[PDB]
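Undergrad: Below you'll find start.txt; it's compact mmCIF, C-alpha atoms and all ligand atoms.
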# COMPACT_ATOMS: atom_id res chain seq x y z
CA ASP Q 1 -23.70 -14.75 8.09
CA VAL Q 2 -20.13 -16.04 7.83
CA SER Q 3 -17.67 -16.44 10.70
CA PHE Q 4 -13.95 -16.78 11.30
CA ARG Q 5 -12.12 -17.61 14.54
CA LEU Q 6 -8.45 -16.74 15.00
CA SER Q 7 -8.14 -19.11 17.96
CA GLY Q 8 -6.86 -22.34 16.40
CA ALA Q 9 -6.86 -20.83 12.93
CA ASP Q 10 -4.72 -22.42 10.27
CA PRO Q 11 -4.45 -22.17 6.49
CA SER Q 12 -7.29 -24.68 6.11
CA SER Q 13 -9.76 -22.94 8.44
CA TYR Q 14 -8.97 -19.55 6.84
CA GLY Q 15 -9.50 -21.15 3.41
CA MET Q 16 -12.90 -22.36 4.66
CA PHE Q 17 -13.85 -18.84 5.82
CA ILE Q 18 -12.87 -17.27 2.47
CA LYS Q 19 -14.90 -19.97 0.67
CA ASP Q 20 -17.93 -19.18 2.92
CA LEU Q 21 -17.48 -15.46 2.26
CA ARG Q 22 -17.47 -15.91 -1.55
CA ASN Q 23 -20.45 -18.29 -1.29
CA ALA Q 24 -22.48 -15.76 0.68
CA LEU Q 25 -22.38 -13.33 -2.22
CA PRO Q 26 -25.37 -13.74 -4.53
CA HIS Q 27 -25.08 -14.08 -8.31
CA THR Q 28 -27.43 -15.05 -11.13
CA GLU Q 29 -24.81 -15.44 -13.86
CA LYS Q 30 -21.16 -16.52 -14.31
CA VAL Q 31 -19.04 -14.82 -16.90
CA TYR Q 32 -16.19 -16.99 -18.12
CA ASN Q 33 -16.99 -19.27 -15.20
CA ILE Q 34 -16.58 -16.49 -12.65
CA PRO Q 35 -19.51 -15.37 -10.56
CA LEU Q 36 -20.92 -12.02 -11.62
CA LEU Q 37 -21.95 -9.93 -8.61
CA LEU Q 38 -25.43 -8.36 -8.79
CA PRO Q 39 -26.05 -4.80 -10.12
CA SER Q 40 -27.97 -4.00 -6.93
CA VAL Q 41 -29.82 -5.51 -3.99
CA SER Q 42 -32.53 -3.66 -2.05
CA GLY Q 43 -32.91 -3.30 1.69
CA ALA Q 44 -31.07 -5.14 4.44
CA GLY Q 45 -30.31 -7.96 1.99
CA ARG Q 46 -27.52 -5.85 0.47
CA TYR Q 47 -25.36 -6.49 3.56
CA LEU Q 48 -23.51 -9.57 4.63
CA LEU Q 49 -22.44 -9.80 8.29
CA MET Q 50 -19.03 -11.33 8.98
CA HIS Q 51 -18.45 -12.42 12.54
CA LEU Q 52 -14.77 -12.24 13.36
CA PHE Q 53 -13.25 -13.48 16.60
CA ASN Q 54 -9.81 -12.63 17.91
CA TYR Q 55 -7.55 -15.19 19.59
CA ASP Q 56 -9.10 -14.34 22.99
CA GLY Q 57 -12.58 -14.90 21.62
CA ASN Q 58 -13.67 -11.24 21.51
CA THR Q 59 -15.70 -10.33 18.47
CA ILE Q 60 -16.61 -7.70 15.91
CA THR Q 61 -19.30 -7.96 13.23
CA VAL Q 62 -18.36 -6.48 9.88
CA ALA Q 63 -20.97 -5.26 7.37
CA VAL Q 64 -20.12 -6.05 3.76
CA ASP Q 65 -22.04 -4.86 0.66
CA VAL Q 66 -22.70 -8.07 -1.36
CA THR Q 67 -22.68 -6.23 -4.68
CA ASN Q 68 -19.07 -5.05 -4.41
CA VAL Q 69 -17.54 -6.77 -1.34
CA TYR Q 70 -17.03 -3.34 0.24
CA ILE Q 71 -16.71 -3.18 3.99
CA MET Q 72 -19.04 -0.40 5.14
CA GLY Q 73 -18.82 -0.50 8.94
CA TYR Q 74 -18.63 -2.83 11.89
CA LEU Q 75 -20.05 -3.38 15.34
CA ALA Q 76 -17.80 -3.72 18.41
CA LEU Q 77 -19.68 -4.47 21.67
CA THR Q 78 -22.52 -1.89 21.72
CA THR Q 79 -20.97 0.66 19.35
CA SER Q 80 -21.31 0.76 15.56
CA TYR Q 81 -18.70 2.44 13.34
CA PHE Q 82 -19.18 3.48 9.70
CA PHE Q 83 -17.01 5.05 7.09
CA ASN Q 84 -17.62 8.72 6.29
CA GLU Q 85 -19.20 8.23 2.86
CA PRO Q 86 -22.76 8.09 1.47
CA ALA Q 87 -22.78 4.30 0.86
CA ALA Q 88 -21.81 3.69 4.49
CA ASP Q 89 -24.38 6.15 5.77
CA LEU Q 90 -27.01 4.23 3.76
CA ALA Q 91 -25.74 0.95 5.22
CA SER Q 92 -26.21 2.41 8.71
CA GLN Q 93 -29.95 2.50 8.01
CA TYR Q 94 -30.00 -1.31 7.79
CA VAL Q 95 -27.28 -2.83 9.98
CA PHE Q 96 -26.40 -2.65 13.69
CA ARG Q 97 -29.52 -0.59 14.40
CA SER Q 98 -29.56 -1.87 17.98
CA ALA Q 99 -26.06 -0.42 18.80
CA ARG Q 100 -26.22 2.02 21.76
CA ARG Q 101 -24.23 4.62 19.75
CA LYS Q 102 -23.00 5.16 16.21
CA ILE Q 103 -19.61 6.64 15.45
CA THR Q 104 -18.78 7.87 12.00
CA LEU Q 105 -15.10 7.28 11.34
CA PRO Q 106 -13.20 10.44 10.27
CA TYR Q 107 -12.40 9.03 6.82
CA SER Q 108 -14.04 7.24 3.94
CA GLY Q 109 -13.24 3.57 3.25
CA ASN Q 110 -11.08 3.77 0.18
CA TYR Q 111 -7.41 2.93 0.26
CA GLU Q 112 -6.23 6.47 -0.47
CA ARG Q 113 -8.01 7.97 2.59
CA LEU Q 114 -7.27 5.05 4.88
CA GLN Q 115 -3.53 5.18 4.11
CA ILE Q 116 -3.55 8.92 4.84
CA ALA Q 117 -5.34 8.32 8.22
CA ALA Q 118 -2.98 5.44 9.08
CA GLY Q 119 0.15 7.44 8.18
CA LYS Q 120 1.45 4.66 5.94
CA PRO Q 121 0.78 3.00 2.59
CA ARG Q 122 -0.30 -0.64 2.27
CA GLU Q 123 3.17 -1.50 1.01
CA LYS Q 124 4.49 -0.94 4.54
CA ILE Q 125 1.76 -2.62 6.65
CA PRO Q 126 2.32 -6.35 7.44
CA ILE Q 127 -0.69 -8.56 6.82
CA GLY Q 128 -1.50 -12.11 7.82
CA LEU Q 129 -3.56 -13.97 10.38
CA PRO Q 130 -1.62 -12.49 13.35
CA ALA Q 131 -2.22 -9.02 11.92
CA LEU Q 132 -5.92 -9.82 11.52
CA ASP Q 133 -6.07 -10.83 15.22
CA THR Q 134 -4.45 -7.46 16.06
CA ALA Q 135 -6.85 -5.61 13.80
CA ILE Q 136 -9.89 -7.17 15.52
CA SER Q 137 -8.45 -6.23 18.91
CA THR Q 138 -7.79 -2.66 17.76
CA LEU Q 139 -11.29 -2.16 16.43
CA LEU Q 140 -12.80 -3.26 19.76
CA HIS Q 141 -11.86 0.10 21.29
CA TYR Q 142 -12.12 3.26 19.30
CA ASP Q 143 -8.90 4.86 18.14
CA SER Q 144 -9.32 6.43 14.71
CA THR Q 145 -5.64 6.43 13.73
CA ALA Q 146 -5.07 2.82 14.96
CA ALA Q 147 -8.37 1.80 13.34
CA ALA Q 148 -7.23 3.02 9.86
CA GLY Q 149 -4.33 0.56 9.88
CA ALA Q 150 -6.51 -2.18 11.37
CA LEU Q 151 -9.04 -1.56 8.61
CA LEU Q 152 -6.37 -1.81 5.87
CA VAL Q 153 -5.44 -5.20 7.35
CA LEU Q 154 -9.07 -6.27 7.68
CA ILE Q 155 -9.99 -5.29 4.08
CA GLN Q 156 -7.02 -7.16 2.53
CA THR Q 157 -7.40 -10.31 4.61
CA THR Q 158 -11.19 -10.61 3.95
CA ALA Q 159 -12.54 -8.77 0.87
CA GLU Q 160 -9.33 -8.89 -1.21
CA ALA Q 161 -8.74 -12.60 -0.43
CA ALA Q 162 -12.37 -13.29 -1.43
CA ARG Q 163 -11.76 -11.47 -4.78
CA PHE Q 164 -8.46 -13.16 -5.70
CA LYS Q 165 -7.26 -16.70 -5.02
CA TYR Q 166 -3.67 -15.41 -5.17
CA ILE Q 167 -4.37 -13.04 -2.24
CA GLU Q 168 -6.08 -15.81 -0.28
CA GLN Q 169 -2.93 -17.94 -0.77
CA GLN Q 170 -0.69 -15.03 0.30
CA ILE Q 171 -2.61 -14.78 3.59
CA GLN Q 172 -2.43 -18.54 4.08
CA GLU Q 173 1.35 -18.25 3.75
CA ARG Q 174 1.09 -15.66 6.55
CA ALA Q 175 -0.89 -17.83 8.95
CA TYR Q 176 1.74 -17.63 11.72
CA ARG Q 177 4.01 -14.77 10.52
CA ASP Q 178 2.98 -11.40 9.09
CA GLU Q 179 4.57 -9.93 6.04
CA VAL Q 180 3.91 -6.81 3.93
CA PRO Q 181 1.82 -7.66 0.80
CA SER Q 182 3.77 -8.66 -2.33
CA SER Q 183 3.69 -6.05 -5.09
CA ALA Q 184 1.59 -8.56 -7.14
CA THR Q 185 -0.97 -8.49 -4.29
CA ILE Q 186 -1.04 -4.67 -4.38
CA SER Q 187 -1.38 -4.74 -8.18
CA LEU Q 188 -4.39 -7.13 -8.05
CA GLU Q 189 -6.11 -5.07 -5.38
CA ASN Q 190 -5.79 -1.96 -7.49
CA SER Q 191 -6.98 -3.77 -10.64
CA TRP Q 192 -10.15 -5.55 -9.59
CA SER Q 193 -12.64 -3.11 -11.05
CA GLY Q 194 -10.59 -2.81 -14.27
CA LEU Q 195 -10.31 -6.58 -14.62
CA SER Q 196 -13.97 -7.07 -13.78
CA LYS Q 197 -14.86 -4.61 -16.53
CA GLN Q 198 -12.56 -6.11 -19.19
CA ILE Q 199 -13.76 -9.71 -18.51
CA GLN Q 200 -17.32 -8.56 -19.00
CA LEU Q 201 -16.40 -6.59 -22.19
CA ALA Q 202 -14.56 -9.69 -23.50
CA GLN Q 203 -18.01 -11.32 -23.80
CA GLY Q 204 -18.91 -10.08 -27.27
CA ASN Q 205 -15.28 -9.42 -28.09
CA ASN Q 206 -14.19 -13.02 -28.57
CA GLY Q 207 -12.58 -13.18 -25.13
CA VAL Q 208 -10.33 -10.17 -25.94
CA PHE Q 209 -10.07 -7.20 -23.53
CA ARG Q 210 -11.10 -3.88 -25.07
CA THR Q 211 -8.30 -2.34 -22.97
CA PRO Q 212 -5.28 -4.30 -21.61
CA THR Q 213 -4.90 -4.48 -17.83
CA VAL Q 214 -1.37 -3.94 -16.49
CA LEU Q 215 -0.36 -6.12 -13.50
CA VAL Q 216 2.76 -6.99 -11.49
CA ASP Q 217 3.52 -10.76 -11.44
CA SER Q 218 4.87 -13.06 -8.68
CA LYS Q 219 8.48 -12.55 -9.83
CA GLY Q 220 8.00 -8.76 -9.49
CA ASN Q 221 7.72 -8.19 -13.25
CA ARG Q 222 5.07 -5.99 -14.90
CA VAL Q 223 2.70 -7.66 -17.41
CA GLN Q 224 -0.16 -6.88 -19.78
CA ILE Q 225 -3.40 -8.93 -19.49
CA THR Q 226 -5.12 -8.83 -22.86
CA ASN Q 227 -7.56 -11.74 -22.93
CA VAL Q 228 -9.51 -14.32 -20.87
CA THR Q 229 -6.87 -17.06 -21.39
CA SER Q 230 -4.67 -15.26 -18.87
CA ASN Q 231 -4.00 -17.12 -15.61
CA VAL Q 232 -5.39 -14.02 -13.80
CA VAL Q 233 -8.76 -14.80 -15.43
CA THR Q 234 -8.68 -18.62 -15.49
CA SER Q 235 -7.12 -19.27 -12.08
CA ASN Q 236 -7.15 -16.18 -9.86
CA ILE Q 237 -10.05 -13.74 -9.85
CA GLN Q 238 -13.03 -15.27 -8.01
CA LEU Q 239 -15.77 -12.54 -8.26
CA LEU Q 240 -16.67 -9.89 -10.85
CA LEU Q 241 -17.76 -6.37 -10.04
CA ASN Q 242 -20.82 -5.84 -12.24
CA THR Q 243 -20.09 -3.19 -14.94
CA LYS Q 244 -23.32 -1.48 -13.85
CA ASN Q 245 -21.30 -0.53 -10.74
CA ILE Q 246 -18.19 0.59 -12.66
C1 LIG Z 1 -3.83 -13.91 -24.97
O1 LIG Z 1 -2.95 -13.89 -23.85
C2 LIG Z 1 -1.72 -14.62 -23.96
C3 LIG Z 1 -0.89 -14.39 -22.70
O2 LIG Z 1 -1.67 -14.59 -21.55
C4 LIG Z 1 -0.92 -14.20 -25.20
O3 LIG Z 1 0.31 -14.89 -25.30
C5 LIG Z 1 -1.76 -14.42 -26.44
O4 LIG Z 1 -1.00 -14.05 -27.58
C6 LIG Z 1 -3.09 -13.65 -26.30
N1 LIG Z 1 -4.01 -13.92 -27.39
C7 LIG Z 1 -4.67 -12.93 -28.00
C8 LIG Z 1 -5.61 -13.33 -29.10
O5 LIG Z 1 -4.53 -11.75 -27.70
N1 LIG Z 2 -13.77 -0.61 2.50
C1 LIG Z 2 -13.35 -1.49 1.55
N2 LIG Z 2 -13.89 -2.73 1.46
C2 LIG Z 2 -13.47 -3.62 0.51
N3 LIG Z 2 -12.50 -3.33 -0.37
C3 LIG Z 2 -11.87 -2.14 -0.38
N4 LIG Z 2 -10.87 -1.60 -1.10
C4 LIG Z 2 -10.65 -0.35 -0.63
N5 LIG Z 2 -11.48 -0.07 0.38
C5 LIG Z 2 -12.26 -1.15 0.62
In structure tokens, write the structure found in this file.
Ligand SMILES: *[C@@H]1O[C@H](CO)[C@@H](O)[C@H](O)[C@H]1NC(C)=O
Ligand SMILES: Nc1ncnc2[nH]cnc12

TA:
Amino acid sequence: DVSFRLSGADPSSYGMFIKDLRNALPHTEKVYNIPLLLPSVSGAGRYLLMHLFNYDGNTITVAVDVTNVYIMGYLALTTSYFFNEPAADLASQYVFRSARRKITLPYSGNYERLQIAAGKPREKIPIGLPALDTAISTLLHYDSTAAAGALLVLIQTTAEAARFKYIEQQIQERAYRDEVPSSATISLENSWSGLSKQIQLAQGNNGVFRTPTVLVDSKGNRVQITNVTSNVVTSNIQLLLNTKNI
């Protein structure tokens, strides 16, 4: 298990949590020096539990699939909550079995459905450590519309930060003040599977992507990533989605 406390949190303690989260994900291989997530894991071992504590010390436990860093569900006091999708239903067979009741959220866990449920796109939802404290608090008591927004915050400040050093740094910048994600952040989120695939295909293609990945950069400009010498590959992406899962 990995844990993060908002009470006393700073960029350093958040950095430590994101390190712990990455390190909890198993791999047997690195591709271009980046850990390659496993094709599959059987049984309860598929799921990492993240213990998150709000500023007041209240807690939720979040279930994360270690193959793809996908949040499947969470436990808040004695109630479990899972996304409305087959992978989350499967997860519910292994985690939080001792919850007094299980609620299936009225949406799946992808960004398209969550943004619909929340009534707003990610571009308009501030993220940061304060927003993560809010999100934890929101999830403690069921409210499906409020929970959609909370879950967009939770996913970007945990899973997305684990996947990309740039996103981790963005959240660190937002330790004490929320701000909507940069368009580069949005771009990276949207591109992880694509990038993961191209980095793997580059092995056997002399480091060259079979298909260029289009990203938005820090200055707001749109760029093509064509090979493993890109900063996105050398100094940003931290985990690879196995092509078996693409
Ligand atoms: C690889 O990417 C860099 C930019 O990141 C580019 O300038 C260079 O020409 C590319 N090399 C090849 C072989 O595509
Ligand atoms: N539930 C989820 N967990 C991790 N990353 C995601 N990206 C979109 N939905 C996600």

Undergrad: List all protein, DNA and RNA residues that have at least one atom no more than 9 Å from any atom of ligand LIG 1 (chain Z), counting all atoms listed in the file, and write them as a PyMOL selection string.

TA: chain Q and resi 206-209+224-232

Undergrad: Taking all atoms listed in the file and a cut-off of 12 Å, can you tell me which residues surround ligand LIG 2 (chain Z), written as a PyMOL selection string?

TA: chain Q and resi 62-74+82-85+87-88+105+107-115+122+148-164+186+188-193+241

Undergrad: For each of Q:99, Q:121, Q:81, Q:38, take the minimum atom-to-atom distance to residue 243 (chain Q), counting all atoms listed in the file, then give the residue where this is smallest.

TA: Q:38

Undergrad: Which residues, written as a list in words, have at least one atom at most 9 Å from residue 240 (chain Q), with only C-alpha atoms counted and residues fewer than 3 positions away on the same chain left out?

TA: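 The residues satisfying every condition are residues 30, 31, 34, 35, 36, 37, 68, 163, 192, 193, 195, 196, 197, 199, 200, 237 and 243 of chain Q.
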
Undergrad: Considering only C-alpha atoms, can you say which of Q:76, Q:125, Q:49, Q:9 comes closest to residue 103 (chain Q)?

TA: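 Of the candidates, the smallest distance to residue 103 (chain Q) is held by Q:76.
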
Undergrad: Looking at only C-alpha atoms, which of Q:146, Q:171, Q:101, Q:95 is the one that sits closest to residue 117 (chain Q)?

TA: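 Among the listed residues, Q:146 lies closest to residue 117 (chain Q).
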
Undergrad: Residues within 12 Å of residue 170 (chain Q), please, as a ChimeraX atom specification. Count all atoms listed in the file; anything in the same chain fewer than 2 positions from it doesn't count.

TA: /Q:11,14-15,126-129,156-158,160-162,164-168,172-186,218

Undergrad: Q:77, Q:246, Q:202, Q:118: which is nearest residue 141 (chain Q), counting all atoms listed in the file?

TA: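 Counting all atoms listed in the file, the residue closest to residue 141 (chain Q) is Q:77.
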
Undergrad: Neighbouring residues of residue 198 (chain Q) were defined as those with any atom within 8 Å, considering all atoms listed in the file; residues of the same chain fewer than 4 positions away were excluded. Please report them as a list in words.

TA: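 Non-adjacent residues within range: residues 194, 202, 209, 210, 211, 212 and 213 of chain Q.
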
Undergrad: Mind checking which residues fall within 7 Å of residue 54 (chain Q), counting only C-alpha atoms, ignoring those fewer than 6 positions away in the same chain, and posting them as an mmCIF file with C-alpha atoms, in the frame of the given file?

TA:
data_model
loop_
_atom_site.group_PDB
_atom_site.id
_atom_site.type_symbol
_atom_site.label_atom_id
_atom_site.label_comp_id
_atom_site.auth_asym_id
_atom_site.auth_seq_id
_atom_site.Cartn_x
_atom_site.Cartn_y
_atom_site.Cartn_z
ATOM 1 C CA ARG Q 5 -12.120 -17.610 14.540
ATOM 2 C CA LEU Q 6 -8.450 -16.740 15.000
ATOM 3 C CA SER Q 7 -8.140 -19.110 17.960
ATOM 4 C CA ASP Q 133 -6.070 -10.830 15.220
ATOM 5 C CA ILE Q 136 -9.890 -7.170 15.520
ATOM 6 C CA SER Q 137 -8.450 -6.230 18.910
#

Undergrad: Distance CA of residue 45 (chain Q)-CA of residue 93 (chain Q), one decimal place?

TA: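 Between CA of residue 45 (chain Q) and CA of residue 93 (chain Q) the gap is 12.1 Å.
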
Undergrad: Measuring atom to atom with only C-alpha atoms, identify which of Q:220, Q:26, Q:43, Q:119 is nearest to residue 91 (chain Q).

TA: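 Using only C-alpha atoms, residue 91 (chain Q) sits closest to Q:43.
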
Undergrad: I'd like to know which of Q:239, Q:138, Q:22, Q:94 is closest to residue 42 (chain Q), using only C-alpha atoms.

TA: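 Among the listed residues, Q:94 lies closest to residue 42 (chain Q).
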
Undergrad: Mind giving me the straight-line distance from CA of residue 51 (chain Q) to CA of residue 235 (chain Q) in Å, one decimal?

TA: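 Atom-to-atom, CA of residue 51 (chain Q) and CA of residue 235 (chain Q) are spaced 28.0 Å apart.
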
Undergrad: Do you have the CA of residue 142 (chain Q)-CA of residue 80 (chain Q) distance handy?

TA: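 Between these atoms lies a distance of 10.2 Å.
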